[PDB]
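None of the figures in this text is laboratory data; all of them are computed from the coordinates on show. When we count neighbours, we look across all protein chains shown, and the Cβ atoms used for this are built from the backbone with ideal geometry, even at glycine.
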Amino acid sequence: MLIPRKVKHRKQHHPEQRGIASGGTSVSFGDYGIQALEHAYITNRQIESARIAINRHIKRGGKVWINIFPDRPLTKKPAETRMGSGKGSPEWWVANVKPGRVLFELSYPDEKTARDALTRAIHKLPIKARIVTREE
Amino acid sequence: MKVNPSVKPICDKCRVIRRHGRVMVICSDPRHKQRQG
Amino acid sequence: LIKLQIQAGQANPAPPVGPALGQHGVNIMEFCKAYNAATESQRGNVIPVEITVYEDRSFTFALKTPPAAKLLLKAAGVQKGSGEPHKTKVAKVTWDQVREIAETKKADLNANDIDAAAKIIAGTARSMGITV
Amino acid sequence: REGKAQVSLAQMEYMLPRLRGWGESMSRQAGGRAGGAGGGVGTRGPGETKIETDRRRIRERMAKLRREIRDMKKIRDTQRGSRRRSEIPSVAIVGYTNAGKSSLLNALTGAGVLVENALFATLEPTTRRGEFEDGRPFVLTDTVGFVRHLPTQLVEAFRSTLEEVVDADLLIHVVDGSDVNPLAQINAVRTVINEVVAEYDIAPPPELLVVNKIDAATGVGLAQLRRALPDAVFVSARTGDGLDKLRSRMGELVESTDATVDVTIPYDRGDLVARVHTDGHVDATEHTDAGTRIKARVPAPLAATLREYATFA
Amino acid sequence: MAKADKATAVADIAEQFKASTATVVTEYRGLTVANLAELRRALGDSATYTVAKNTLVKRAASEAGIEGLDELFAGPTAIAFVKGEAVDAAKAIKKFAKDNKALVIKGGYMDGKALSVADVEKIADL
Amino acid sequence: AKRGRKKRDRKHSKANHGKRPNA
Amino acid sequence: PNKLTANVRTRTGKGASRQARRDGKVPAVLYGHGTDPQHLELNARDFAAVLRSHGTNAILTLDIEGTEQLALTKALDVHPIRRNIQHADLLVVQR
RNA sequence: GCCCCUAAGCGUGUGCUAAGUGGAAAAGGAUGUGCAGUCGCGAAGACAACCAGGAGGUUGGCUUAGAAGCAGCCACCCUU
Ligand SMILES: Nc1nc2c(ncn2[C@@H]2O[C@H](COP(=O)(O)OP(=O)(O)CP(=O)(O)O)[C@@H](O)[C@H]2O)c(=O)[nH]1
């Protein structure tokens, strides 16, 4: 899926899910973007699901721009274990999305088809979203 | 009858109505007769 | 009642007529041989007829001529129409002769305008998809 | 979803005997290795759990999977009822994997199923309509794929395949012609056929034989030696060479349950002419004075329909 | 009507109204295309019968500058506005009310300067 | 989970000002 | 041309700016080679109208106190969530 | 907190809600309703409704036993 080739520190603290986004709050690569209206840890599998849905709806034309990258590692203590004895091994890759940040952008010649593709991708994401357009 | 929390038109001749405090898709085709929970 | 365009073929045609006339009631032999008597003067293209049945034995014959939509097809040597209408044009016909010989088919067209009825005929030809 | 449960059940049933030692060994080794598997997820998921480790957890998931597979059989019977009720003549394509089993079904009919070069990829049976070149329609089914010494935990994952095999008329084992020892595949496929016809007692169906990839073959027999099984048709799915001969002989070898009759129809009842012309596969006729000398392999619904309007000529 | 497109046809019909010689405000109800086209080809270019929107044509005949027959635009008015003739080109036009039973002529006003409930059975007929 | 859900919604009250002990 | 009407700001800061935005008045600053920062509160929705009608590279009339001054927008400030105009930078233009 | 239990308002002035909402809940679904916009049509009569026409070349052609507006294809025209 999506993974960072190398990470300096494999076990990190939880990304801070606070405040609205300060950068990336605009369509800069395409024509239609999927802004985010809630805080979420969006994992690499969710990103691949959304990307595949977008790339299969239009299925021929236009590019898909995935702004966020799942580089933050989320750990997971092994099952049926008691609390203690160290932090668990990394299990999930998340992107600390924030409200206002545009997660996906797209450029397809047919407007309504692009809108419907973005709608069909919003359903794969754990948060609210809306269709934002380069033409402000 | 399709009791689903999401009820949508399925064909060109499906109408969504509010009957007895419930959303129903009434269509000539009985296969599209969907009623929201 | 039926504006069936009976084929010009004067050699054994009822089966084609027999269905369309056995779904109603008219003498098959009388109808066939009267149309065949008309074809004795009409051997070009099978001219159309509107058999006007009222309750039995209509005995009515009026001429509307056969491939008007393709009178141009018939009078060029080119057949099979065009199975790619406007994808690419198929065949070659003359643009002056359509305007000229539109006279015969103007007898049942809409308006008496000469160039515009020629455009009618050009439309029926370009329906195939051809150059004319 | 069905496969992601059958595969997981097969892996659990294979790993349950070998829990201690080996099982803990891949419990220690968690990197996504070849044994790392993944279950039906494939993209890990329970792949980080591989085949799980705990016998208690394995037992619980096994019970749930048994119940779920039970459900997805009374689903499949429903989905196949329409074919069963209509009794459309079914033809299935079996054989060793990578023997052009899906290319044939994309070749005779323009199905368009995945034709990847790797090993078992068409792991879920799919069926498609088809018309015998001359007459009747049919249905065509391509199966999963057979291997020498097939695993004994995968019979459930093959159960739907077996069902399609039993419910068939013309069985087709497709042999990869351009491959060493083109008979080793055949013996294993045949043996699978016998165990199927034994487990579900039924009259064995005729087995149509086709040699595939003979376009690239160097003629391993190049003779009646290449006729290692003399009854076979040498198709080339990559080029579509024996399609005509295959499409002809497969129908001729399916048997016809039609009813060929000669009937005449006065023109008033053109409904019958249309019904014979759209359901019955008329050979030909001459367009008679009042009717037609139709010689149609009419079916059972219309067999008694056309009895009244018969003819003797 | 069509705010922009209306005035074009209003002006066209108006100029043909003032250019013509008379008027027969008639009933076109029940005119199947066959008989209507037979009429269009019978009177020909003269009295070139072509229905126009009655609400607009009230202002169109006034655009030509004349009033009158505008009074009786109740119902589906049909207009001919005969080009050259008066008597010989109106015989069949009025008598189509006898032959086809259609085109009962309410009429009411001739040329925009002469009112007559006998708009057809006048000189136009005799 | 009814009991805990009620005991937690109990804090959302005018007199408690949205915070209860053991919420 | 664009005919916008502008008013100066008597109170500046966070609280005054939010209060101005609460009454549909986008705050703005007038600066440039005029070498004098003018703190203005521009009535809203008409700023938006002209920005949608012509674009950022336009010429605002900005009748401040009965005195006309031509300017051009240089820097905006939209809220990422509630897309509006939080603050606009106007560059002085002398003819 | 102020209708009775239960001390004090069945307070006054503007609106909203029909769900007993008030008096638990999500993704999502939705002709619920109010308010403030904007855009399109329209007294030259719009929208709904009723009365008429709704034509001809023509059955456009290919296609097929057959497809004639209405298997399905291309075009998707000409005239009144
Ligand atoms: N050169 C050549 N290649 C062929 C021929 N028939 C099939 N193949 C190849 O066999 C490969 C395997 O594809 P597929 O058709 O799925 O074979 P298969 O037996 O169905 C493999 P599976 O059983 O998993 O579906 C394909 O890449 C195809 O190119 C043939 O006649 N000639």
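Subtract the Cα-Cα distance of residue D:248 and residue D:33 from 0.36 nm times their separation in residues, and report this length gain in nm to one decimal.
Full extension of this stretch gives 72.6 nm more.
Sort out for me the Cα centre separation of the range E:73-122 from the range A:1-74, rounded to whole Å.
Cα centres, the range E:73-122 to the range A:1-74: 79 Å.
Past 23 Å, Cα to Cα: identify those pairs from D:4/D:73; A:124/D:4; E:3/E:113; A:128/F:19; A:63/D:4; E:53/E:113, in the order given. Could the numbers behind the result be given before it?
Details: D:4/D:73 15 Å; A:124/D:4 20 Å; E:3/E:113 30 Å; A:128/F:19 28 Å; A:63/D:4 32 Å; E:53/E:113 21 Å.
Check vs 23 Å cut-off fails for E:3/E:113; A:128/F:19; A:63/D:4.
Only four residue types carry charge here, +1 at the Cβ of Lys and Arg and -1 at the Cβ of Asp and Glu. Report the dipole size of the protein assembly as shown about the Cα centre in Debye, rounded to the nearest 20.
Value, rounded to 20: 7100 debye.
Once the cut-off is 17 Å, how many percent of the Cα-Cα pairs in the range C:65-132 end up in the long-distance tail?
34 percent
So, in nm, how far is label residue E:48 from label residue D:310 when the simple model puts each one 7 Å beyond its Cα toward the Cβ?
7.2 nm
5 Å is the cut-off here: which amide hydrogens, built 1.01 Å from N in the peptide plane, fall below it relative to residue A:133, excluding neighbours closer than 5 in sequence?
A:33
Show me, bin by bin at 5 Å from 0, the whole-percent P(r) of the range C:1-64 based on Cα pairs.
That works out to 4, 19, 35, 27, 12, 3, 0, in percent per bin.
Using the alpha-carbon atoms, what tilt in degrees (0 to 90, nearest 10) does helix C:95-105 show relative to the longest principal axis of chain C?
20 degrees
When 1/r is averaged over all different Cα pairs and the result inverted, which Kirkwood radius in Å belongs to the range C:7-121?
Details: mean 1/r = 0.0613 Å⁻¹.
Evaluated on the range C:7-121, it is 16.3 Å.
Treating each Cα of the range G:1-94 as an identical point scatterer and ignoring solvent, apply the Debye formula and state log10 I(q)/I(0) at q = 0.10, 0.15, 0.21, 0.22 Å⁻¹.
The computed values of log10 I(q)/I(0) come out as -0.23, -0.52, -1.06, -1.17.
Between residue D:179 and residue D:24, what is the FRET efficiency for a Förster distance of 60 Å, r being their Cβ-Cβ separation, to the nearest 0.05?
About 0.90, to the nearest 0.05.
Can you give the local net charge around residue B:35? Use residues other than it whose beta-carbon is closer than 11 angstrom to its beta-carbon, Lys and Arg +1, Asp and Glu -1.
Every neighbour counted, the sum reads +4.
Check the straight Cα-Cα distances from residue E:98 and name the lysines below 18 Å, setting aside those fewer than 8 residues away within the same chain.
Of all the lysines, those that pass the test against residue E:98 - Cα under 18 Å, at least 8 places apart if same chain - are E:106, E:122.
Counting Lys and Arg as +1 and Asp and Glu as -1, what is the net charge of the other residues whose Cβ lies under 14 Å from the Cβ of residue D:266?
That works out to -2.
If you take the Cα atoms of the range D:158-313, find Rg, then find the Kirkwood Rh from the mean of 1/r over all pairs, what is Rg/Rh?
Across the range D:158-313, the Cα-based Rg/Rh ratio is 1.15.
Quote the Stokes-Einstein diffusion coefficient, in whole µm² s⁻¹, for chain A, based on the Kirkwood radius over alpha carbon pairs, a temperature of 37 °C and a viscosity of 0.692 mPa s.
Translational diffusion coefficient: 206 µm²/s.
Please work out the Kirkwood hydrodynamic radius for the range D:110-245, using every pair of different C-alpha atoms, and report it in angstroms with one decimal place.
Working: mean 1/r = 0.0612 Å⁻¹.
Averaging 1/r across every pair of different Cα atoms and inverting gives 16.3 Å.
Any idea how far apart residue G:49 and residue A:9 come out in nm if each label point goes 7 Å out from Cα toward Cβ?
Placing both labels 7 Å beyond Cα along the Cβ direction yields 5.5 nm.
Using every Cα-Cα pair within chain E, state what percent have a distance larger than 21 Å.
Summing the P(r) of chain E above 21 Å gives 33 percent of all pairs.
Considering Cα pairs under 8 angstrom that are at least six residues apart, work out the relative contact order of the range D:189-278 and quote it in whole percent.
On the way: 50 pairs, mean separation 18.2, N = 90.
Reported relative contact order: 20 percent.
What is the distance in Å between the Cα centres of the range D:242-302 and chain B?
Measuring centre to centre over Cα atoms gives 45 Å.
Using all C-alpha to C-alpha distances in chain D, build P(r) with 20 Å bins and read off the rounded percent in each one.
Answer for chain D: a P(r) of 27, 46, 22, 5, 0 percent.
Using 7 Å Cα-to-Cβ label points, what is the residue C:2/residue A:130 separation (nm, one decimal)?
Once both label points are built, they end up 6.6 nm from each other.
If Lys and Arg each add +1 and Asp and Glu each add -1, what is the summed charge of the other residues whose beta carbon sits under 10 Å from the beta carbon of residue D:213?
Summing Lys and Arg as +1 and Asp and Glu as -1 gives -2.
What do you get for chymotrypsin sites (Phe, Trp or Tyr not before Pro) in the range D:81-138 restricted to DSSP loop and a cutoff of at most 14 other Cβ within 10 Å of the site's Cβ?
D:120
Given 37 °C and 0.692 mPa s, compute D for the protein assembly as shown with the Stokes-Einstein relation, Rh being the Kirkwood radius over Cα pairs; round to the nearest whole µm²/s.
After rounding, the answer is 85 µm²/s.
Helix E:33-42 against the longest principal axis of chain E: what's the angle in degrees, Cα atoms only, rounded to the nearest 10?
80 degrees
When only C-alpha pairs under 8 Å and at least 6 residues apart count, what is the relative contact order of chain D, in percent?
13 percent
With r as the distance between the Cβ atoms of residue D:238 and residue E:92 and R0 = 60 Å, compute the FRET efficiency 1/(1 + (r/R0)^6) and round to 0.05.
Calculated transfer efficiency: 0.15.
Which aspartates and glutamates, if any, have their Cα less than 20 Å from the Cα of residue B:8, not counting same-chain residues under 8 positions apart?
Partners found: A:116, B:29.
Computed FRET efficiency, Cβ-Cβ of residue A:92 and residue F:22, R0 25 Å: what is it to the nearest 0.05? Don't jump to the answer; show the numbers that get you there.
Details: r = 32 Å, r/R0 = 1.27.
Result of the calculation: an efficiency of 0.20.
With the contact rule set at Cα under 8 Å and sequence spacing of 6 or more, what percent relative contact order holds for chain A?
Relative contact order of chain A: 42 percent.
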